[PDB]
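Peer 1: Below: one structure in structure tokens.
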Amino acid sequence: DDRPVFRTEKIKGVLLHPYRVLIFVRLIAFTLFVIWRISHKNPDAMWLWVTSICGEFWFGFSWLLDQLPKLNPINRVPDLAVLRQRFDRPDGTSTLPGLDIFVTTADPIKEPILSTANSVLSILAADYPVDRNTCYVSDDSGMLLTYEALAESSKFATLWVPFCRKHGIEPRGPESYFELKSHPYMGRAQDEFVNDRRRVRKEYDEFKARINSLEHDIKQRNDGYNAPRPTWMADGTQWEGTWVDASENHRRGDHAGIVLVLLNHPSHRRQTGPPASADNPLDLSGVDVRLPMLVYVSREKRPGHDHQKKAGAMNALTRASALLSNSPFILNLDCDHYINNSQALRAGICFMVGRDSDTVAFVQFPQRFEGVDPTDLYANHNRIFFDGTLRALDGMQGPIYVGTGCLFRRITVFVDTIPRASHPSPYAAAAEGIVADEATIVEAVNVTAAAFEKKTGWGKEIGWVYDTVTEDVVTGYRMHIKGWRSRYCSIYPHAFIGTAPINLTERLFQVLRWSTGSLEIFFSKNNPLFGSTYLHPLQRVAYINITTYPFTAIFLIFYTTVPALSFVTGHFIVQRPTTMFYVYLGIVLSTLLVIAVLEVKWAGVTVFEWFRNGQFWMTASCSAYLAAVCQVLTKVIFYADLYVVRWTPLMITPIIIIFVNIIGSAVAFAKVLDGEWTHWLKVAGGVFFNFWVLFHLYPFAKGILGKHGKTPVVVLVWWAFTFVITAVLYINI
């Protein structure tokens, strides 16, 4: 069939047209407002008047940057029947292309190796052609714990993967599946299926015990063989990589390159399992038992050479892939991000195999997080951002690279192996299966060295740029600068589940990390103003936004201090508001509320989570962006586990903004109640707006106390206590 592989959902006209006309009247009203403010000067506070008009101009400019590319959201969903009729063949074969899957991990003791095991078991059990899906695991630490975990997973896959394929286990994650209380009651059997469930329960429990005793086993084995201590492999050879005991040639960061294939190429012919027996009673007559690629790589690290952490790790991965499989399509994932929907691979390949797929370079996938409470008190999902801004940018040209859960096309971008990848017909390199022989191993070792990065352009002028923090948006920019588009997918259930940031300390660390990366990429030469003329103005302004949003803080701090300064000095922002001015403010507020409700309606989200994410992003702008900008200027010059809280200096900056405002509210209240200007009537509402400020500074203020901040029964009492203390103090003097 030729039915289009992508179902489109358009916004209703009775909603889309009011949305755009309301954005238009919003911009017109802002132009009228800024004209009014410029014309009507404030001689009493002329410096304050200039600062206020500049701040309002900046806020409106940021709002324009944020709302201009959200004008025309279009929803996009895939389908599978068309792929299964066109590219799937009933004879057991297929015409699908190849695909590479990257799993990146940094260090076994800070990140849970159980997450890596779940991810590799999910990708190994994915419903994709076996001979074309090639897996790479970048263990940046180079530890034998991960090596033997992957080896034992390869041994265990011969009985795990056929079960997953035959009985429709979803998600492919083992612990996620065994944690599913209800289960969809899938499975071709009932009694055999439940017997298999219990036996795999026991076997996976003993498998978990082996995992937890693996370090004990390996250290006993190393002691036995060694009685510069190496990590002896199972065949008695010498591990030449990162030794636990370091010396001149084997200190951390001084090793060579290694290419080893744990699980070699499966046979092209379909393999049937053993018949009915006692040890393996599992009936495997109609189930394929082939085993996909599994290769290990350890990139070269030299002193004085910037290995560039995950970016360089994945560059080494993709350089090795172009030799081992030469797959044009390449998806990457982190250690903690595992597959929840096994059809994400097809949902990504459908766009790559559909019509006009040359322009689409990369596809981003939904980044979902687990462990969030059903009430969603703290908004760990970041739904109002992911499905709010990216889901709207998807509509006309495509989203941006976000950091993980994305697939790339490489034909757009080893010197003598380039022709094999750049040949017009790459399908001739997969018919003759290349075995992991000594010739291939030695050529990979020769041409995967880091010595080729000197005097060449890889990283410096194409590929993933170095000396930068966030590779995602910068790579998206360098990719779109040549003239390519992108697509996105949004399917239920979640395609991938990742580990949400754990506890406050590193939550603050990672928000600071994001803000610092944004500021660093801004500091570089990739300013969108001098971009290539081919770039459309819409993604130009989107790039301007995504690279200068953290500058809101420098004016937001001033705007939050304005109420306190005004209430302590007796000066208003506008000395005497007029009828037209009040009408304009009322219209602006009403139009902002209507925009908010319209976007909540069309984004499939709720007002509660919208408001919570707004609170969080206000708090982030207040604290983390200010910390990032001060750091950048300084550098230029020179469940229950969630309830553990540790003090850090980085939190001290919101505190003052809390307390000066709390003091100033009661100071102004007493100033007015002393009898200065009795009639509050039509200026009434400011205190309510103050309560509004309270509700948008509520999240972090509640969460700092932590476990004792279980309920506001203490927080509100302390707030009222401070309020009454400062009221009494100002009344006294």
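Letters A, B, ... go to the chains of the structure tokens in the order shown; residues in each chain start at 1; ligands are counted from 1 in the same order.
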Could the residues of range 272-341 of chain A that have an atom at most 9 Å from range 155-165 of chain A be listed as a Markdown table, each with its closest atom pair and the distance in Å to one decimal, counting only C-alpha atoms and ordered by chain and ascending residue number?
Peer 2:
```
| residue | atom | partner | partner_atom | distance |
| --- | --- | --- | --- | --- |
| A:282 | CA | A:163 | CA | 8.8 |
| A:284 | CA | A:162 | CA | 7.9 |
| A:287 | CA | A:162 | CA | 6.4 |
| A:288 | CA | A:162 | CA | 6.8 |
| A:289 | CA | A:162 | CA | 5.9 |
| A:290 | CA | A:158 | CA | 7.9 |
| A:291 | CA | A:158 | CA | 7.3 |
```
Peer 1: Find the nearest atom pair between each residue of range 652-732 of chain A and range 499-504 of chain A for residues within 10 Å, count only C-alpha atoms, give distances in Å to one decimal, sort rows by chain and ascending number, and present the table as a Markdown table.
Peer 2:
```
| residue | atom | partner | partner_atom | distance |
| --- | --- | --- | --- | --- |
| A:700 | CA | A:504 | CA | 9.8 |
| A:703 | CA | A:504 | CA | 8.6 |
| A:704 | CA | A:504 | CA | 8.4 |
| A:706 | CA | A:504 | CA | 9.3 |
```
Peer 1: Could I get the residues of range 129-232 of chain A with an atom no further than 12 Å from an atom of range 415-436 of chain A, each paired with its nearest atom pair and that distance in Å to one decimal, using only C-alpha atoms, sorted by chain and residue number, as JSON lines?
Peer 2:
```
{"residue": "A:131", "atom": "CA", "partner": "A:430", "partner_atom": "CA", "distance": 9.2}
{"residue": "A:132", "atom": "CA", "partner": "A:430", "partner_atom": "CA", "distance": 8.6}
{"residue": "A:133", "atom": "CA", "partner": "A:430", "partner_atom": "CA", "distance": 12.0}
```
Peer 1: Dump C-alpha atoms for the selected residues as a tab-separated table (two decimals), in the first residue's frame?
Peer 2:
```tsv
chain	number	residue	atom	x	y	z
A	131	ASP	CA	21.20	-9.01	11.66
A	132	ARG	CA	20.82	-5.25	11.11
A	133	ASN	CA	20.53	-3.85	14.67
```
Peer 1: Report, in Å to a single decimal, how far apart CA of residue 292 in chain A and CA of residue 264 in chain A are.
Peer 2: 7.6 Å
Peer 1: DSSP on the backbone, helix (DSSP H, G or I) only: what residues of range 478-709 of chain A does that give? Format it as a PyMOL selection string.
Peer 2: chain A and resi 478-480+504-523+528-530+537-569+579-602+607-637+640-643+649-673+681-683+686-705+708-709
Peer 1: Kindly indicate which residue among A:340, A:397, A:486, A:404 lies nearest to residue 357 in chain A, using only C-alpha atoms for the distances.
Peer 2: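 Looking at the shortest contact to residue 357 in chain A, the residue is A:486.
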